[PDB]
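Coming up is one lone chain in structure tokens, specifically the form deposited in one PDB entry.
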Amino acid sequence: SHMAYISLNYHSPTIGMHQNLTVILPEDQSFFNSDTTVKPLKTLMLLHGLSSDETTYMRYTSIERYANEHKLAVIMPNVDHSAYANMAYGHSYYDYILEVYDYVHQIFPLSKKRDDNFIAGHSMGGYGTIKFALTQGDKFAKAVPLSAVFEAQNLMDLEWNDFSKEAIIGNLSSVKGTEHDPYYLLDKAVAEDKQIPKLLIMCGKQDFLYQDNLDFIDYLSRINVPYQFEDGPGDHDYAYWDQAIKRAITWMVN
């Protein structure tokens, strides 16, 4: 089992500026044989939080080692703070992550089947994960929010830069009951009979978001949305996300 480690710098049409991506691509024998078709890989979209970039999971966890064991391609895009609340509709975080998805599935040998595509992330990346699970449920078979932001008030506790923080403060009164509120997205997804990915939700018991995580899964239980929840000792850091992403990858592929 071998992996190709890829760094990609490209101009993003959605954001309108350059963005970096990390891609780890398992080596498959079909990729070296010019006479056979490529065998498409299972693929995880992995979303970092506000103190990270496209290199942090590589540096602060052993994710590549876990992915190599399970022959899992992983896509780690850079996410700028301004993507979440400073951009116009159509040019925001949501659109950008879907652009990354489309681009890497066009240019790399990644499966396009729902059963072969997963999404995961922590903190604001866990907010991203649950938003994509509830709006792009036909795209991802499984979703793993880690130490996730589920509530509007959580947003004021985070490490936003100055320009993004000003947009967060200025639009806070507009989050609840909109497409930016995970609870609203959840209620809507059920109503439109949308596919919801299988959910594995994880949080450490010392995390400042732990109780809001319990509140979210309690609501899931009350509206009969299936999920698995795993907790244990751990805080809001990569010592926990290293352990959690190892467990998540095993769960995803099996």
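Note that residue numbering begins at 1 and tracks the sequence as displayed. Just so we're on the same page, rigid core means the largest C-alpha set that superposes within 1.5 Å between forms.
The form deposited in another entry is left out here; the points below concern that form.
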Option from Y84, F150, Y101, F140 moving between this form and the one not shown, CA shift at or above 2 Å, rigid core reference: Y84
C-alpha of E166 moved at least 2 Å between this form and the one not shown on rigid core: yes
Residue pair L172, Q211 - Cα distance in the other entry, closer or farther (3 Å or more): farther
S82 and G137, C-alpha gap in the other entry relative to this structure (3 Å or more): closer
